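In structure tokens, one chain follows: the form deposited in one PDB entry.
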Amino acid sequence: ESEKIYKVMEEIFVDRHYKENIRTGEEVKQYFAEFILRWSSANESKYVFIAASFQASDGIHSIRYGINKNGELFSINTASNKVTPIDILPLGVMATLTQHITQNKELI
């Protein structure tokens, strides 16, 4: 295990859904598919912040996620920075994010 934060980010960054070349608002627009993951602008301004984005009938949505010092996954409300921790599903971090996103996507 060691410092799980490093292992957790490996699962994310190696994944095909992670887009290391999408760094701005309209590059997300140009792009839009179940979703994409990308490096959050919040990292440059505790956690490592990952942003998730998807297109539904309503338009493009985003979810901010946080991972702390020893790899616990959190959902983050951008209005108040209220944290909601997420269990890692048996199949791994990406399986956890994938379910959290595509269901919110139908919940929409």
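Start at 1 with the first residue shown and count on from there.
Heads up, the form solved in complex with a partner chain isn't pictured, but that's what we're talking about next.
Although the partner is absent here, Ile63 is a contact residue: one of its heavy atoms lies within 4.5 angstroms of the partner chain in the bound PDB entry. The partner chain in the bound PDB entry is approached by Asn77, whose closest heavy atom lies within 4.5 angstroms of it. Among heavy atoms of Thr102, none comes within 4.5 Å of the partner chain in the bound PDB entry.
Not displayed here, the partner chain is approached by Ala51 to within 4.5 Å at the level of heavy atoms in the bound PDB entry.
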